file coords_26.cif (mmCIF, C-alpha atoms)
data_entry
#
loop_
_atom_site.label_atom_id
_atom_site.label_comp_id
_atom_site.auth_asym_id
_atom_site.auth_seq_id
_atom_site.Cartn_x
_atom_site.Cartn_y
_atom_site.Cartn_z
CA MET A 1 -11.29 86.36 -131.25
CA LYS A 2 -8.32 88.33 -132.65
CA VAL A 3 -7.23 86.44 -135.72
CA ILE A 4 -3.90 85.51 -137.22
CA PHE A 5 -4.72 84.75 -140.85
CA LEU A 6 -1.97 82.34 -141.85
CA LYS A 7 -2.69 83.07 -145.51
CA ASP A 8 -4.30 85.92 -147.42
CA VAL A 9 -8.03 85.78 -148.23
CA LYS A 10 -10.26 87.56 -150.77
CA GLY A 11 -7.86 90.53 -150.74
CA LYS A 12 -8.71 91.06 -147.05
CA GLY A 13 -6.71 88.82 -144.69
CA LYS A 14 -2.90 88.65 -145.03
CA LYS A 15 -0.22 86.04 -144.25
CA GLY A 16 -0.11 85.41 -140.43
CA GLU A 17 -1.75 88.84 -139.99
CA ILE A 18 -3.29 89.33 -136.54
CA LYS A 19 -6.54 91.24 -136.56
CA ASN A 20 -9.94 90.30 -135.30
CA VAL A 21 -12.19 89.05 -138.00
CA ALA A 22 -15.72 88.31 -136.97
CA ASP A 23 -14.93 87.34 -133.36
CA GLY A 24 -16.80 84.11 -134.17
CA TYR A 25 -15.91 83.92 -137.89
CA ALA A 26 -12.35 83.69 -136.72
CA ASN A 27 -13.04 80.27 -135.14
CA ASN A 28 -15.94 79.28 -137.46
CA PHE A 29 -14.02 79.55 -140.76
CA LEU A 30 -10.37 80.71 -140.61
CA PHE A 31 -9.52 78.52 -137.72
CA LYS A 32 -11.64 75.41 -138.43
CA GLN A 33 -10.17 75.32 -141.98
CA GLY A 34 -6.83 76.86 -143.04
CA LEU A 35 -7.04 80.67 -143.21
CA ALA A 36 -6.23 81.83 -139.66
CA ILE A 37 -5.95 80.79 -136.01
CA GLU A 38 -7.35 82.22 -132.78
CA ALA A 39 -4.91 85.06 -132.06
CA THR A 40 -3.33 83.84 -128.79
CA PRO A 41 -0.08 84.48 -127.01
CA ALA A 42 0.76 80.77 -127.40
CA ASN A 43 0.91 81.47 -131.17
CA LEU A 44 1.15 85.28 -131.58
CA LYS A 45 4.65 85.04 -130.03
CA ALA A 46 5.89 82.48 -132.59
CA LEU A 47 4.69 84.85 -135.34
CA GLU A 48 7.36 87.28 -134.08
CA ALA A 49 9.94 84.74 -132.87
CA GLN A 50 9.64 83.06 -136.27
CA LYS A 51 10.97 86.42 -137.55
CA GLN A 52 14.16 86.14 -135.43
CA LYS A 53 17.43 85.80 -137.39
CA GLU A 54 20.86 87.17 -136.35
CA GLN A 55 20.69 90.30 -134.16
CA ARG A 56 22.10 89.07 -130.84
#
call {"tool": "encode", "arguments": {"input": "coords_26.cif", "output": "structure tokens"}}
result
Amino acid sequence: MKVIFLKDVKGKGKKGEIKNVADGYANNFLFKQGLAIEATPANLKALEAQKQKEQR
């Protein structure tokens, strides 16, 4: 369960940072609450697209 922490945690996770936490922790704490989400293309993309500004 790669994990996109949407916010930082106890000095471990970081804003929308994608890394796998405890493959199950990911969905049993960060996802079911408000720390991260199941790293998935559906979302992972937005994390980068959200960083699009004026370069085209």
call {"tool": "residues_around", "arguments": {"input": "coords_26.cif", "residues": "residue 12 (chain A)", "least_positions_apart": "6", "cutoff": "12 Å", "atoms": "all atoms listed in the file", "output": "PyMOL selection string"}}
result
chain A and resi 5+18-21+35
call {"tool": "residues_near_point", "arguments": {"input": "coords_26.cif", "point": "(-13.6, 84.2, -137.1)", "cutoff": "12 Å", "atoms": "all atoms listed in the file", "output": "compact mmCIF listing (two decimals) with C-alpha atoms, keeping the file's coordinate frame"}}
result
# COMPACT_ATOMS: atom_id res chain seq x y z
CA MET A 1 -11.29 86.36 -131.25
CA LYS A 2 -8.32 88.33 -132.65
CA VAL A 3 -7.23 86.44 -135.72
CA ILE A 4 -3.90 85.51 -137.22
CA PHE A 5 -4.72 84.75 -140.85
CA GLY A 13 -6.71 88.82 -144.69
CA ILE A 18 -3.29 89.33 -136.54
CA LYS A 19 -6.54 91.24 -136.56
CA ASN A 20 -9.94 90.30 -135.30
CA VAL A 21 -12.19 89.05 -138.00
CA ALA A 22 -15.72 88.31 -136.97
CA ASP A 23 -14.93 87.34 -133.36
CA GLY A 24 -16.80 84.11 -134.17
CA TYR A 25 -15.91 83.92 -137.89
CA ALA A 26 -12.35 83.69 -136.72
CA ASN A 27 -13.04 80.27 -135.14
CA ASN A 28 -15.94 79.28 -137.46
CA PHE A 29 -14.02 79.55 -140.76
CA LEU A 30 -10.37 80.71 -140.61
CA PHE A 31 -9.52 78.52 -137.72
CA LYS A 32 -11.64 75.41 -138.43
CA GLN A 33 -10.17 75.32 -141.98
CA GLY A 34 -6.83 76.86 -143.04
CA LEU A 35 -7.04 80.67 -143.21
CA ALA A 36 -6.23 81.83 -139.66
CA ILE A 37 -5.95 80.79 -136.01
CA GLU A 38 -7.35 82.22 -132.78
CA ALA A 39 -4.91 85.06 -132.06
call {"tool": "residues_around", "arguments": {"input": "coords_26.cif", "residues": "region 46-55 of chain A", "least_positions_apart": "5", "cutoff": "9 Å", "atoms": "only C-alpha atoms", "output": "ChimeraX atom specification"}}
result
/A:4,16-17,41
